[PDB]
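See below for the structure under consideration.
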Amino acid sequence: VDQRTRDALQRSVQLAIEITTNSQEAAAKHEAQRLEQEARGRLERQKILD
Amino acid sequence: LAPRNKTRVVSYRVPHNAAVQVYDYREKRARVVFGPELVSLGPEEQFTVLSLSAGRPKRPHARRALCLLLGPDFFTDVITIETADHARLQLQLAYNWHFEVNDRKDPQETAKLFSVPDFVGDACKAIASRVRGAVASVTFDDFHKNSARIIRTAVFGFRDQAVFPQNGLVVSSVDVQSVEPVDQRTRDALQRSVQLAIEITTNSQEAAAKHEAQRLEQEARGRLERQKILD
Amino acid sequence: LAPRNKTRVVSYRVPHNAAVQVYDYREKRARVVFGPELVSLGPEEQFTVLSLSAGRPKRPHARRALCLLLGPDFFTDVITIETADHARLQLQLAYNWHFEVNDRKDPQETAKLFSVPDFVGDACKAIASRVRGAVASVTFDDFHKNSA
Ligand SMILES: NC(=O)c1ccc[n+]([C@@H]2O[C@H](COP(=O)([O-])OP(=O)(O)OC[C@H]3O[C@@H](n4cnc5c(N)ncnc54)[C@H](O)[C@@H]3O)[C@@H](O)[C@H]2O)c1
Ligand SMILES: NC(=O)c1ccc[n+]([C@@H]2O[C@H](COP(=O)([O-])OP(=O)(O)OC[C@H]3O[C@@H](n4cnc5c(N)ncnc54)[C@H](O)[C@@H]3O)[C@@H](O)[C@H]2O)c1
């Protein structure tokens with residue numbers, strides 16, 4: 001019935017949206033770090049062989 | 001228009017996949033006429049007028065009808081629901097329906113088609129209640145990525161058709177068309193999310209290009225050093 | 001235009017790959033006429049008028065028709081869908097379709113062609129619902145590289 005409860009629920013849903021976006025960003029960052037580490041290791045081994 | 005001749009026998013042409021109900025108030029006998037047949041009223045018979053539901057939000061008493069159409073059709077309703085995260089979002093569904101008349105010569109089963117005064121609004125409100133009940137216990141993200149399965153499981157059960165035994169009406173399928181959040185701020189947040197996803201993809205491609213360039217540079221440097229040693 | 005002669009037998013020329021439904025309300029007998037044949041109404045028969053869907057977004061009740069075309073055709077619709085990354089993107093599809101009439105002499109199977117009041121809108125909305133449901137669980141990049 002009250003508008004203030006609706007406002008609170010709107011803030012809750014916006015926080016949930018922010019949570020989802022932050023989760024996707026963290027997953028992308030972790031994948032990028034893994035790929036960078038793999039590339040660095042391969043480069044170091046190739047330097048040793050050279 | 002042109003006034004009818006009151007002394008002429010009143011007649012009506014039932015369409016294909018349709019039926020009418022008339023009761024002979026004098027001889028005390030009801031009948032349901034099926035198919036494309038032509039129905040002529042007796043001196044005391046009457047037509048069972050049906051007041052149904054229609055409109056974008058399916059308001060009641062918006063379409064008076066004389067014959068009941070019992071062929072494969074569909075009606076669409078706009079359902080507003082809320083998720084477990086309290087995100088308000090409205091739907092647009094389509095309900096494929098048809099009447100299952102096992103025996104067209106049965107005075108009891110055929111009378112059941114007109115038993116429900118308004119099958120359209122009844123079915124729409126029942127399915128809307130089912131969908132609203134099932135969704136409210138589901139978060140916004142899971143519903144967004146799985147709305148089809150959630151809605152199909154909500155409307156039906158554990159089942160391919162949502163049969164209504166009051167009149168024989170069955171809903172053989174549901175087709176969700178649009179799922180849009182009611183509030184603009186949720187749309188803005190989702191736009192920011194999609195822009196961040198685009199940025200993620202571009203950054204990934206840039207990192208891959210940089211790694212390949214570094215590998216090629218290292219290979220060239222090694223070959224150059226070996227050639228210098230040989231020289 | 002020029003008013004028709006009401007006393008003349010009403011006739012219609014069904015095109016190739018088309019059919020009509022007429023019911024003789026007096027003799028109580030329906031029939032579906034196929035092919036390029038010419039259909040003449042009896043004193044009490046009527047034509048089954050079909051109200052179909054048409055337009056760029058496929059609005060309903062935009063094309064009234066008298067004969068049903070059952071030959072290889074296609075209709076196009078504009079579908080707006082959303083990805084798992086919440087990226088809004090609209091589509092333009094084309095649906096190659098045709099009616100499979102196993103027996104043109106069967107009073108039951110041939111009557112099934114006119115069973116659905118509007119096949120165009122029904123098929124368009126069903127396929128749009130399928131496409132929208134499948135895409136929503138797919139990220140934007142995977143859909144972009146593999147939309148087909
Ligand atoms: N197979 C198909 O896809 C198919 C078949 C028939 C009709 N259609 C069309 O799909 C459209 C859906 O539009 P909408 O639902 O947004 O419009 P709407 O909400 O105004 O339609 C109300 C519903 O009531 C039903 N209805 C109307 N008159 C009736 C009668 N005399 N007896 C029994 N039922 C009756 C119709 O089937 C319709 O689905 C309908 O207008 C219909 O013409 C589709
Ligand atoms: N093989 C082919 O590629 C092929 C074959 C026939 C027609 N076409 C043409 O492709 C075009 C596609 O255009 P659109 O879909 O954007 O226009 P649209 O959306 O206005 O077309 C509506 C659809 O309804 C169908 N239709 C029209 N009148 C009909 C009737 N009396 N009975 C049954 N079905 C009927 C048409 O095939 C059309 O695809 C059609 O106009 C058609 O002329 C292509």
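Following the order of the structure tokens, chains are lettered A, B, ..., residues in each are numbered from 1, and ligands are numbered from 1.
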
Inset, instruction - Residues of chain A near chain C: apply a cut-off of 12 Å, count only C-alpha atoms, and supply the list as a PyMOL selection string. - result: chain A and resi 17+20-21+24-25

For chain C against ligand 2, with a cut-off of 7 Å and counting only C-alpha atoms and all ligand atoms, what is the closest atom pair and its distance in Å to one decimal for every residue that makes the cut, ordered by chain and number, as a tab-separated table?
residue	atom	partner	partner_atom_place_in_ligand_line	distance
C:53	CA	ligand 2	22 (C)	6.6
C:54	CA	ligand 2	19 (O)	4.5
C:55	CA	ligand 2	19 (O)	4.9
C:56	CA	ligand 2	19 (O)	6.1
C:58	CA	ligand 2	19 (O)	6.4
C:65	CA	ligand 2	31 (N)	4.9
C:66	CA	ligand 2	31 (N)	6.5
C:67	CA	ligand 2	31 (N)	5.2
C:68	CA	ligand 2	32 (N)	3.7
C:69	CA	ligand 2	32 (N)	3.7
C:70	CA	ligand 2	33 (C)	6.2
C:72	CA	ligand 2	5 (C)	5.5
C:73	CA	ligand 2	5 (C)	3.6
C:74	CA	ligand 2	39 (O)	4.3
C:75	CA	ligand 2	15 (O)	3.2
C:76	CA	ligand 2	15 (O)	4.5
C:120	CA	ligand 2	24 (O)	6.1

Inset, instruction - Kindly provide, as a ChimeraX atom specification, the residues of chain B having any atom no farther than 9 Å from an atom of chain A, counting only C-alpha atoms. - result: /B:85-88,140-141,183,185-186,189-190,192-194,196-197,200-201,203-204,207-208,211-212,214-215,218-219,221-223,225-226

Legend entry - Polymer residues at most 12 Å from residue 108 of chain C, only C-alpha atoms, same-chain spacing of 6 or more positions, as a VMD selection string: chain C and resid 30 to 32 101 to 102 114 to 115

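Interatomic distance, atom CA of residue 12 of chain B against atom CA of residue 49 of chain B: 13.0 Å.
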
Inset, instruction - Give as a list in words the residues surrounding ligand 1 up to a distance of 7 Å, considering only C-alpha atoms and all ligand atoms. - result: residues 53, 54, 55, 56, 58, 65, 66, 67, 68, 69, 70, 72, 73, 74, 75, 76 and 120 of chain B; 60, 61, 116, 117, 118, 119, 121, 122 and 123 of chain C

Could you write those residues out with N, CA and C atoms, as a tab-separated table (two decimals), in the first residue's frame?
chain	number	residue	atom	x	y	z
B	53	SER	N	-14.53	-12.14	-22.59
B	53	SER	CA	-13.49	-11.17	-22.27
B	53	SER	C	-12.65	-10.87	-23.50
B	54	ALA	N	-12.16	-9.64	-23.58
B	54	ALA	CA	-11.34	-9.21	-24.70
B	54	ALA	C	-10.55	-7.98	-24.27
B	55	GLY	N	-9.65	-7.53	-25.13
B	55	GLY	CA	-8.84	-6.37	-24.87
B	55	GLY	C	-7.39	-6.74	-24.55
B	56	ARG	N	-6.53	-5.72	-24.57
B	56	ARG	CA	-5.12	-5.95	-24.28
B	56	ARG	C	-4.90	-6.45	-22.86
B	58	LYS	N	-7.29	-7.86	-21.14
B	58	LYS	CA	-8.38	-8.82	-20.97
B	58	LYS	C	-9.39	-8.34	-19.92
B	65	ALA	N	-21.20	-12.39	-27.72
B	65	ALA	CA	-21.19	-13.33	-28.83
B	65	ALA	C	-22.44	-14.19	-28.79
B	66	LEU	N	-22.83	-14.68	-29.97
B	66	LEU	CA	-23.97	-15.57	-30.12
B	66	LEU	C	-23.58	-17.03	-30.29
B	67	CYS	N	-22.49	-17.30	-31.01
B	67	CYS	CA	-21.99	-18.65	-31.20
B	67	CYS	C	-20.64	-18.79	-30.52
B	68	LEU	N	-20.37	-19.98	-29.99
B	68	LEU	CA	-19.12	-20.27	-29.31
B	68	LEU	C	-18.17	-20.95	-30.28
B	69	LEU	N	-17.00	-20.35	-30.47
B	69	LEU	CA	-15.97	-20.91	-31.35
B	69	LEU	C	-15.14	-21.91	-30.55
B	70	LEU	N	-15.07	-23.14	-31.03
B	70	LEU	CA	-14.39	-24.23	-30.34
B	70	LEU	C	-13.26	-24.81	-31.17
B	72	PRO	N	-9.14	-24.55	-32.84
B	72	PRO	CA	-7.81	-24.12	-32.39
B	72	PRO	C	-7.58	-22.63	-32.59
B	73	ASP	N	-7.46	-21.89	-31.49
B	73	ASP	CA	-7.26	-20.45	-31.51
B	73	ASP	C	-6.19	-20.09	-30.50
B	74	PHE	N	-6.04	-18.79	-30.24
B	74	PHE	CA	-5.18	-18.32	-29.16
B	74	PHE	C	-5.61	-16.92	-28.77
B	75	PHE	N	-5.50	-16.62	-27.47
B	75	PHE	CA	-5.71	-15.28	-26.96
B	75	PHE	C	-4.46	-14.83	-26.21
B	76	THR	N	-4.22	-13.53	-26.22
B	76	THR	CA	-3.02	-12.95	-25.64
B	76	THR	C	-3.39	-12.02	-24.49
B	120	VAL	N	-12.68	-17.31	-21.62
B	120	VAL	CA	-11.49	-16.53	-21.96
B	120	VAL	C	-10.90	-15.90	-20.70
C	60	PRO	N	-2.29	-8.44	-36.39
C	60	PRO	CA	-3.40	-9.32	-36.74
C	60	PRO	C	-4.53	-8.57	-37.42
C	61	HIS	N	-5.33	-9.33	-38.18
C	61	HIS	CA	-6.50	-8.81	-38.89
C	61	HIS	C	-6.11	-7.65	-39.81
C	116	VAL	N	-7.28	-23.67	-38.37
C	116	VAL	CA	-6.63	-22.55	-37.68
C	116	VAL	C	-7.12	-21.26	-38.33
C	117	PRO	N	-7.79	-20.37	-37.58
C	117	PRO	CA	-8.31	-19.13	-38.18
C	117	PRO	C	-7.23	-18.26	-38.79
C	118	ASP	N	-6.02	-18.30	-38.23
C	118	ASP	CA	-4.93	-17.47	-38.71
C	118	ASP	C	-3.61	-18.21	-38.57
C	119	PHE	N	-3.16	-18.86	-39.64
C	119	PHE	CA	-1.92	-19.62	-39.58
C	119	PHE	C	-0.69	-18.72	-39.60
C	121	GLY	N	-0.14	-15.50	-38.35
C	121	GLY	CA	0.18	-14.94	-37.05
C	121	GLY	C	0.53	-16.00	-36.02
C	122	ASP	N	-0.17	-17.14	-36.06
C	122	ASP	CA	0.11	-18.22	-35.12
C	122	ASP	C	1.54	-18.73	-35.30
C	123	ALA	N	1.92	-19.04	-36.54
C	123	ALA	CA	3.27	-19.54	-36.79
C	123	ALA	C	4.32	-18.49	-36.44

Inset, instruction - Specify as a PyMOL selection string all residues of chain C found within 9 Å of chain B, counting only C-alpha atoms. - result: chain C and resi 23-26+28-30+48+80-81+83-88+114-118+122+125-130+132-138+140-141

Let me see the file: selected residues, N, CA and C atoms, as a CSV table (one decimal), in the first residue's frame.
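The resulting part_5.csv:
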chain,number,residue,atom,x,y,z
C,23,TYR,N,-19.8,-24.1,-47.6
C,23,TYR,CA,-20.7,-25.0,-47.0
C,23,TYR,C,-22.1,-24.7,-47.6
C,24,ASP,N,-22.8,-25.8,-48.0
C,24,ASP,CA,-24.1,-25.7,-48.5
C,24,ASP,C,-25.1,-25.8,-47.3
C,25,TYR,N,-25.5,-24.6,-46.9
C,25,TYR,CA,-26.3,-24.5,-45.7
C,25,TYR,C,-27.7,-25.2,-45.8
C,26,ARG,N,-28.2,-25.3,-47.1
C,26,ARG,CA,-29.4,-26.0,-47.3
C,26,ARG,C,-29.3,-27.5,-47.3
C,28,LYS,N,-26.7,-29.2,-46.4
C,28,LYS,CA,-25.9,-29.6,-45.2
C,28,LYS,C,-24.7,-30.5,-45.7
C,29,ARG,N,-23.9,-29.8,-46.5
C,29,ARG,CA,-22.7,-30.5,-47.0
C,29,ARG,C,-21.6,-29.5,-47.3
C,30,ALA,N,-20.4,-29.8,-46.7
C,30,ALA,CA,-19.2,-28.9,-46.9
C,30,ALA,C,-18.3,-29.6,-48.0
C,48,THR,N,-16.0,-19.2,-47.1
C,48,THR,CA,-15.3,-19.1,-45.8
C,48,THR,C,-14.2,-18.0,-45.9
C,80,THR,N,12.0,-8.9,-31.8
C,80,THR,CA,12.9,-8.2,-30.8
C,80,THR,C,13.2,-9.1,-29.7
C,81,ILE,N,14.4,-9.4,-29.4
C,81,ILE,CA,14.8,-10.4,-28.4
C,81,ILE,C,15.9,-9.7,-27.5
C,83,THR,N,19.5,-10.8,-25.0
C,83,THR,CA,20.5,-11.8,-24.7
C,83,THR,C,20.7,-12.0,-23.2
C,84,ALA,N,21.5,-13.0,-22.8
C,84,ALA,CA,21.8,-13.2,-21.4
C,84,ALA,C,22.6,-12.0,-20.8
C,85,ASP,N,23.2,-11.2,-21.7
C,85,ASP,CA,23.9,-10.0,-21.2
C,85,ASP,C,23.0,-8.8,-21.2
C,86,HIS,N,21.7,-9.0,-21.5
C,86,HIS,CA,20.7,-7.9,-21.5
C,86,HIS,C,21.0,-6.9,-22.5
C,87,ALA,N,21.4,-7.3,-23.7
C,87,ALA,CA,21.6,-6.5,-24.9
C,87,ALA,C,20.4,-6.6,-25.8
C,88,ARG,N,19.6,-5.5,-26.0
C,88,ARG,CA,18.4,-5.6,-26.8
C,88,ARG,C,18.8,-5.5,-28.3
C,114,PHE,N,-8.3,-25.2,-43.0
C,114,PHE,CA,-9.0,-24.0,-42.5
C,114,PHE,C,-9.3,-24.1,-41.0
C,115,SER,N,-8.8,-25.1,-40.3
C,115,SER,CA,-9.1,-25.3,-38.8
C,115,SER,C,-8.5,-24.1,-38.1
C,116,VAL,N,-7.3,-23.7,-38.4
C,116,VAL,CA,-6.6,-22.5,-37.7
C,116,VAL,C,-7.1,-21.3,-38.3
C,117,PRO,N,-7.8,-20.4,-37.6
C,117,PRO,CA,-8.3,-19.1,-38.2
C,117,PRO,C,-7.2,-18.3,-38.8
C,118,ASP,N,-6.0,-18.3,-38.2
C,118,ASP,CA,-4.9,-17.5,-38.7
C,118,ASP,C,-3.6,-18.2,-38.6
C,122,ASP,N,-0.2,-17.1,-36.1
C,122,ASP,CA,0.1,-18.2,-35.1
C,122,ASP,C,1.5,-18.7,-35.3
C,125,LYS,N,4.1,-16.0,-34.2
C,125,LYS,CA,4.3,-15.8,-32.8
C,125,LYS,C,4.9,-17.0,-32.1
C,126,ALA,N,4.6,-18.3,-32.6
C,126,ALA,CA,5.2,-19.5,-32.0
C,126,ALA,C,6.7,-19.5,-32.3
C,127,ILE,N,7.1,-19.2,-33.5
C,127,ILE,CA,8.5,-19.2,-33.8
C,127,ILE,C,9.3,-18.1,-33.1
C,128,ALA,N,8.6,-16.9,-33.0
C,128,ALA,CA,9.2,-15.8,-32.2
C,128,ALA,C,9.4,-16.2,-30.8
C,129,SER,N,8.4,-16.8,-30.2
C,129,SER,CA,8.5,-17.3,-28.8
C,129,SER,C,9.7,-18.3,-28.6
C,130,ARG,N,9.8,-19.2,-29.6
C,130,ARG,CA,10.9,-20.2,-29.5
C,130,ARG,C,12.2,-19.4,-29.6
C,132,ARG,N,13.0,-16.3,-28.9
C,132,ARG,CA,13.2,-15.4,-27.8
C,132,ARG,C,13.6,-16.3,-26.6
C,133,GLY,N,13.0,-17.5,-26.4
C,133,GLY,CA,13.3,-18.3,-25.3
C,133,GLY,C,14.7,-18.9,-25.4
C,134,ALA,N,15.1,-19.3,-26.6
C,134,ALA,CA,16.4,-19.9,-26.7
C,134,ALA,C,17.6,-18.9,-26.6
C,135,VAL,N,17.4,-17.7,-27.1
C,135,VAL,CA,18.4,-16.7,-27.1
C,135,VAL,C,18.7,-16.2,-25.7
C,136,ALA,N,17.7,-16.0,-24.9
C,136,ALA,CA,17.8,-15.3,-23.6
C,136,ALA,C,18.8,-16.0,-22.7
C,137,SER,N,19.1,-17.3,-22.9
C,137,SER,CA,20.1,-18.0,-22.1
C,137,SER,C,21.5,-18.1,-22.8
C,138,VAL,N,21.7,-17.2,-23.8
C,138,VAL,CA,23.0,-17.1,-24.5
C,138,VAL,C,23.5,-15.7,-24.5
C,140,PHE,N,25.8,-12.4,-25.5
C,140,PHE,CA,25.7,-11.6,-26.8
C,140,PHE,C,26.8,-12.0,-27.8
C,141,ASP,N,28.0,-12.3,-27.3
C,141,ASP,CA,29.1,-12.7,-28.2
C,141,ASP,C,28.8,-14.0,-28.9

Inset, instruction - DSSP on the backbone, then: every residue of segment 72-135 of chain C marked alpha helix (DSSP H), written as a ChimeraX atom specification. - result: /C:107-111,119-135

Can those selected residues be exported to a file as a PDB file, in the first residue's frame so that it contains N, CA and C atoms?
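Printed below is again-v3.pdb as written:
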ATOM      1  N   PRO C 107     -12.349 -35.708 -46.803  1.00  0.00           N
ATOM      2  CA  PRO C 107     -13.137 -34.621 -46.198  1.00  0.00           C
ATOM      3  C   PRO C 107     -12.632 -34.182 -44.835  1.00  0.00           C
ATOM      4  N   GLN C 108     -11.896 -35.033 -44.120  1.00  0.00           N
ATOM      5  CA  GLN C 108     -11.405 -34.686 -42.793  1.00  0.00           C
ATOM      6  C   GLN C 108     -10.078 -33.934 -42.847  1.00  0.00           C
ATOM      7  N   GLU C 109      -9.089 -34.484 -43.556  1.00  0.00           N
ATOM      8  CA  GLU C 109      -7.779 -33.842 -43.622  1.00  0.00           C
ATOM      9  C   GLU C 109      -7.856 -32.495 -44.333  1.00  0.00           C
ATOM     10  N   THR C 110      -8.623 -32.422 -45.423  1.00  0.00           N
ATOM     11  CA  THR C 110      -8.731 -31.169 -46.161  1.00  0.00           C
ATOM     12  C   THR C 110      -9.434 -30.093 -45.343  1.00  0.00           C
ATOM     13  N   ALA C 111     -10.373 -30.486 -44.480  1.00  0.00           N
ATOM     14  CA  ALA C 111     -11.016 -29.524 -43.595  1.00  0.00           C
ATOM     15  C   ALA C 111     -10.055 -28.966 -42.555  1.00  0.00           C
ATOM     16  N   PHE C 119      -3.159 -18.860 -39.644  1.00  0.00           N
ATOM     17  CA  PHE C 119      -1.919 -19.624 -39.577  1.00  0.00           C
ATOM     18  C   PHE C 119      -0.692 -18.721 -39.598  1.00  0.00           C
ATOM     19  N   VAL C 120      -0.778 -17.577 -40.281  1.00  0.00           N
ATOM     20  CA  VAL C 120       0.378 -16.692 -40.406  1.00  0.00           C
ATOM     21  C   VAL C 120       0.792 -16.163 -39.039  1.00  0.00           C
ATOM     22  N   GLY C 121      -0.136 -15.502 -38.347  1.00  0.00           N
ATOM     23  CA  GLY C 121       0.183 -14.940 -37.046  1.00  0.00           C
ATOM     24  C   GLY C 121       0.531 -16.000 -36.021  1.00  0.00           C
ATOM     25  N   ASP C 122      -0.169 -17.135 -36.062  1.00  0.00           N
ATOM     26  CA  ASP C 122       0.112 -18.218 -35.125  1.00  0.00           C
ATOM     27  C   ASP C 122       1.536 -18.729 -35.300  1.00  0.00           C
ATOM     28  N   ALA C 123       1.921 -19.043 -36.541  1.00  0.00           N
ATOM     29  CA  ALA C 123       3.270 -19.536 -36.791  1.00  0.00           C
ATOM     30  C   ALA C 123       4.316 -18.489 -36.437  1.00  0.00           C
ATOM     31  N   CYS C 124       4.064 -17.227 -36.796  1.00  0.00           N
ATOM     32  CA  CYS C 124       5.024 -16.171 -36.490  1.00  0.00           C
ATOM     33  C   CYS C 124       5.228 -16.028 -34.990  1.00  0.00           C
ATOM     34  N   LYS C 125       4.138 -16.002 -34.219  1.00  0.00           N
ATOM     35  CA  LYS C 125       4.269 -15.825 -32.776  1.00  0.00           C
ATOM     36  C   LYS C 125       4.904 -17.046 -32.121  1.00  0.00           C
ATOM     37  N   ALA C 126       4.585 -18.251 -32.602  1.00  0.00           N
ATOM     38  CA  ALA C 126       5.195 -19.452 -32.035  1.00  0.00           C
ATOM     39  C   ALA C 126       6.699 -19.468 -32.274  1.00  0.00           C
ATOM     40  N   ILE C 127       7.122 -19.178 -33.505  1.00  0.00           N
ATOM     41  CA  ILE C 127       8.548 -19.199 -33.812  1.00  0.00           C
ATOM     42  C   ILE C 127       9.267 -18.064 -33.090  1.00  0.00           C
ATOM     43  N   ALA C 128       8.622 -16.901 -32.976  1.00  0.00           N
ATOM     44  CA  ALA C 128       9.215 -15.798 -32.232  1.00  0.00           C
ATOM     45  C   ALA C 128       9.395 -16.156 -30.764  1.00  0.00           C
ATOM     46  N   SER C 129       8.407 -16.829 -30.171  1.00  0.00           N
ATOM     47  CA  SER C 129       8.538 -17.264 -28.784  1.00  0.00           C
ATOM     48  C   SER C 129       9.680 -18.256 -28.628  1.00  0.00           C
ATOM     49  N   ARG C 130       9.798 -19.211 -29.555  1.00  0.00           N
ATOM     50  CA  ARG C 130      10.903 -20.165 -29.493  1.00  0.00           C
ATOM     51  C   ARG C 130      12.250 -19.450 -29.561  1.00  0.00           C
ATOM     52  N   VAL C 131      12.390 -18.524 -30.514  1.00  0.00           N
ATOM     53  CA  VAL C 131      13.658 -17.823 -30.699  1.00  0.00           C
ATOM     54  C   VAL C 131      13.985 -16.977 -29.475  1.00  0.00           C
ATOM     55  N   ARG C 132      12.991 -16.266 -28.937  1.00  0.00           N
ATOM     56  CA  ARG C 132      13.222 -15.445 -27.755  1.00  0.00           C
ATOM     57  C   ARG C 132      13.612 -16.300 -26.557  1.00  0.00           C
ATOM     58  N   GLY C 133      12.972 -17.460 -26.397  1.00  0.00           N
ATOM     59  CA  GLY C 133      13.310 -18.328 -25.284  1.00  0.00           C
ATOM     60  C   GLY C 133      14.715 -18.888 -25.380  1.00  0.00           C
ATOM     61  N   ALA C 134      15.113 -19.339 -26.573  1.00  0.00           N
ATOM     62  CA  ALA C 134      16.441 -19.930 -26.718  1.00  0.00           C
ATOM     63  C   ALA C 134      17.552 -18.898 -26.556  1.00  0.00           C
ATOM     64  N   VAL C 135      17.369 -17.698 -27.108  1.00  0.00           N
ATOM     65  CA  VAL C 135      18.440 -16.703 -27.106  1.00  0.00           C
ATOM     66  C   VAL C 135      18.716 -16.172 -25.702  1.00  0.00           C
TER      67      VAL C 135
END

Legend entry - Sel. of strand (DSSP E) residues, segment 48-117 of chain C, as a VMD selection string: chain C and resid 50 to 54 59 to 65 68 to 69 73 to 82 88 to 97

Those selected residues, please, written with N, CA and C atoms and delivered as a CSV table (one decimal), in the first residue's frame.
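The resulting file, selection10.csv, is reproduced below:
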chain,number,residue,atom,x,y,z
C,50,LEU,N,-11.3,-15.7,-44.8
C,50,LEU,CA,-10.2,-15.9,-43.9
C,50,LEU,C,-9.6,-14.5,-43.6
C,51,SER,N,-9.5,-14.2,-42.3
C,51,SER,CA,-8.8,-13.0,-41.8
C,51,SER,C,-7.4,-13.4,-41.3
C,52,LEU,N,-6.4,-12.9,-42.0
C,52,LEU,CA,-5.0,-13.4,-41.7
C,52,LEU,C,-4.2,-12.2,-41.1
C,53,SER,N,-2.9,-12.5,-40.9
C,53,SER,CA,-2.0,-11.5,-40.4
C,53,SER,C,-1.0,-11.0,-41.5
C,54,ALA,N,-0.6,-9.7,-41.4
C,54,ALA,CA,0.3,-9.1,-42.4
C,54,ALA,C,0.9,-7.9,-41.7
C,59,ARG,N,1.0,-7.5,-37.6
C,59,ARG,CA,-0.2,-7.2,-36.9
C,59,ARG,C,-1.4,-8.2,-37.3
C,60,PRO,N,-2.3,-8.4,-36.4
C,60,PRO,CA,-3.4,-9.3,-36.7
C,60,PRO,C,-4.5,-8.6,-37.4
C,61,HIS,N,-5.3,-9.3,-38.2
C,61,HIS,CA,-6.5,-8.8,-38.9
C,61,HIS,C,-6.1,-7.7,-39.8
C,62,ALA,N,-5.1,-7.9,-40.7
C,62,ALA,CA,-4.7,-6.9,-41.6
C,62,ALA,C,-4.8,-7.4,-43.1
C,63,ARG,N,-5.4,-8.6,-43.3
C,63,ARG,CA,-5.5,-9.0,-44.7
C,63,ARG,C,-6.7,-10.1,-44.7
C,64,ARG,N,-7.8,-9.6,-45.2
C,64,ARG,CA,-8.9,-10.6,-45.4
C,64,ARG,C,-8.8,-11.3,-46.7
C,65,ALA,N,-9.0,-12.6,-46.7
C,65,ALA,CA,-8.8,-13.4,-47.9
C,65,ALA,C,-10.0,-14.3,-48.1
C,68,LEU,N,-7.4,-19.8,-49.6
C,68,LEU,CA,-6.2,-20.1,-48.9
C,68,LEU,C,-5.1,-20.6,-49.8
C,69,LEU,N,-4.0,-19.9,-49.8
C,69,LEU,CA,-2.8,-20.3,-50.6
C,69,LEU,C,-2.0,-21.3,-49.8
C,73,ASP,N,5.7,-20.7,-50.0
C,73,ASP,CA,5.8,-19.3,-49.8
C,73,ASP,C,6.7,-19.0,-48.7
C,74,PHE,N,6.8,-17.7,-48.3
C,74,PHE,CA,7.5,-17.3,-47.1
C,74,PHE,C,6.9,-16.0,-46.6
C,75,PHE,N,6.9,-15.8,-45.2
C,75,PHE,CA,6.5,-14.6,-44.6
C,75,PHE,C,7.6,-14.1,-43.7
C,76,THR,N,7.8,-12.8,-43.6
C,76,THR,CA,8.9,-12.2,-42.8
C,76,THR,C,8.3,-11.4,-41.6
C,77,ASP,N,9.0,-11.6,-40.5
C,77,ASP,CA,8.6,-10.9,-39.2
C,77,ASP,C,9.8,-10.2,-38.6
C,78,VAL,N,9.6,-9.2,-37.8
C,78,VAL,CA,10.7,-8.5,-37.1
C,78,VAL,C,10.5,-8.9,-35.6
C,79,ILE,N,11.5,-9.6,-35.1
C,79,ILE,CA,11.5,-10.1,-33.8
C,79,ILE,C,12.5,-9.4,-32.9
C,80,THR,N,12.0,-8.9,-31.8
C,80,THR,CA,12.9,-8.2,-30.8
C,80,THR,C,13.2,-9.1,-29.7
C,81,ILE,N,14.4,-9.4,-29.4
C,81,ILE,CA,14.8,-10.4,-28.4
C,81,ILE,C,15.9,-9.7,-27.5
C,82,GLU,N,16.2,-10.4,-26.4
C,82,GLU,CA,17.3,-10.0,-25.5
C,82,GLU,C,18.2,-11.1,-25.2
C,88,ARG,N,19.6,-5.5,-26.0
C,88,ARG,CA,18.4,-5.6,-26.8
C,88,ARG,C,18.8,-5.5,-28.3
C,89,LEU,N,18.3,-6.4,-29.1
C,89,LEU,CA,18.6,-6.5,-30.5
C,89,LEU,C,17.4,-7.1,-31.2
C,90,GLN,N,17.1,-6.5,-32.3
C,90,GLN,CA,15.9,-6.9,-33.1
C,90,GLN,C,16.4,-7.7,-34.3
C,91,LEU,N,15.5,-8.7,-34.8
C,91,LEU,CA,15.8,-9.6,-35.9
C,91,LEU,C,14.9,-9.3,-37.0
C,92,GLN,N,15.3,-10.0,-38.2
C,92,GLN,CA,14.4,-10.0,-39.4
C,92,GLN,C,14.6,-11.4,-40.0
C,93,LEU,N,13.5,-12.2,-39.8
C,93,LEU,CA,13.6,-13.6,-40.2
C,93,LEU,C,12.6,-13.8,-41.4
C,94,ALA,N,12.8,-14.9,-42.1
C,94,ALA,CA,12.0,-15.4,-43.2
C,94,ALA,C,11.7,-16.8,-43.1
C,95,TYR,N,10.4,-17.2,-43.1
C,95,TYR,CA,10.0,-18.6,-42.8
C,95,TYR,C,9.4,-19.2,-44.1
C,96,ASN,N,10.2,-20.1,-44.6
C,96,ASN,CA,9.7,-20.9,-45.8
C,96,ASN,C,8.7,-21.9,-45.3
C,97,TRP,N,7.5,-21.8,-45.9
C,97,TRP,CA,6.4,-22.6,-45.4
C,97,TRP,C,5.6,-23.2,-46.6
